[PDB]
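In C-alpha cells, the next block holds one chain alone, the form solved without 2-phosphoglyceric acid.
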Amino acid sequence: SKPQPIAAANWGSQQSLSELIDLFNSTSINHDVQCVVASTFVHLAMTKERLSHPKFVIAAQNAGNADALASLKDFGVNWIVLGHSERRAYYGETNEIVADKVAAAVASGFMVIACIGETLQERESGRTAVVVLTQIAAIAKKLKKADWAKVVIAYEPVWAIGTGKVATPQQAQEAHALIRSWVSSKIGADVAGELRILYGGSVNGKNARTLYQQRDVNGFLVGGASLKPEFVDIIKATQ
C-alpha cells in the first residue's frame, strides 16, 4: 500500500497568506496526510504564529549553511524544501551541491523535500531517465540507509513549473516508477516501499486526483494553486 501522503504548499501579502492560513485552520481533514507550508524565511514568524492545524507543518526553502540550519532549528523549523530541479535548470547548480545539502540537513535532523527533475530540452531528446537517475544517485551517494527516513522525493520537471503544462498521469507514474526501482535495487525494497515520491509542476485541484490515482504518486508539491483556496481540494485529493 502507499505510505502516508504529503501535500506541500510551496510559497504574497501577509493579509492574503493570513486569509489562507485561516482557511487552512478551519479545514476538516478526515485522513492521514501530512500537510506542509514551505515559505521564505521572512514569513516564518507569522506562519508559525498563525498556523494551527494539527496536520500541518511548516518548512523553509533552500536553507544552506550550517548556521542557517542551526537557527531554523532553534526557531522551531523542522522541514525543508530544496528546489534543485529549478536551480539546476536556470543557474546550472550541480547535483553535487544539493546532495551535500540534503546530507547536511538530514544530519541536523530535518525532514527534507528534495526537488528533482529534467528540463524541456532533456525531455525532448529522450534524456529524462538518465538525468533523473543521475540526480537521485548523487543524493544517494551521501546518505546512510537510515537517513532515508527523513527524505522525500519530489519529481518536478522544469517544464511543468508554472506553465500550465502538467505532466500526464502517465509521464508522472513513469518517472515515479523509474525512481522507485532505482531505490529498490540500489538501497533496499524496504526503503523504497516507504518512500514518498511527490509530483510537482502545474498541479491543481482540477487535475490532482487522477495524478494521485497513479500507483507511485504519493502526493504533491504545490506552488501556484497553493495560493488559492483550491489547495484544499488538493489536500483532499490525497485519498
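Shifts are known only where both forms have a C-alpha. What we label the rigid core is the largest C-alpha set whose atoms superpose within 1.5 Å from one form to the other. One-based numbering along the sequence shown.
In what follows, reference is made to the form solved in complex with 2-phosphoglyceric acid, a form of this protein that is not presented.
Participant: Can you tell me whether residue 109 touches 2-phosphoglyceric acid? I mean in the entry with it bound, with a 4.5 angstroms heavy atom cut-off.
Facilitator: No - in the entry with it bound, heavy atoms of residue 109 and 2-phosphoglyceric acid never come within 4.5 Å of each other.
Participant: Applying a 4.5 Å heavy atom distance criterion, does residue 76 contact 2-phosphoglyceric acid in the entry with it bound?
Facilitator: Looking in the entry with it bound, residue contacts with 2-phosphoglyceric acid do not include residue 76, since no heavy atom lies within 4.5 Å.
Participant: Decide whether residue 161 counts as a contact residue for 2-phosphoglyceric acid in the entry with it bound under a heavy atom distance cut-off of 4.5 Å.
Facilitator: Yes - in the entry with it bound, heavy atoms of residue 161 and 2-phosphoglyceric acid come within 4.5 Å of each other.
Participant: Since only the chain is shown here, I'm wondering whether residue 221 would be in contact with 2-phosphoglyceric acid in the entry with it bound (any heavy atom pair within 4.5 Å).
Facilitator: Yes, residue 221 lies within 4.5 Å of 2-phosphoglyceric acid in the entry with it bound.
Participant: Would you point out which of 168-176, 194-202, 29-37, 45-53 contains residues with a non-hydrogen atom within 4.5 Å of 2-phosphoglyceric acid in the entry with it bound?
Facilitator: The contacting stretch is 194-202.
Participant: Only one of 161, 89, 138, 103 crosses a C-alpha shift of 2 angstroms between this form and the one not shown, counting 2 angstroms or more, core aligned. Which residue?
Facilitator: Among the listed residues, the outlier is 89.
Participant: Look at the CA atoms of residue 83 and residue 99: state whether they lie closer or farther apart in the entry with it bound than in this form, given a difference of 3 Å or more.
Facilitator: Closer in the entry with it bound, by 3 Å or more.
Participant: Go ahead and list the segments of at least 3 residues in a row whose C-alphas all shift 2 Å or more between this form and the one not shown, with the rigid core as the reference fit.
Facilitator: Moving region between this form and the one not shown: 83-93, nothing else.
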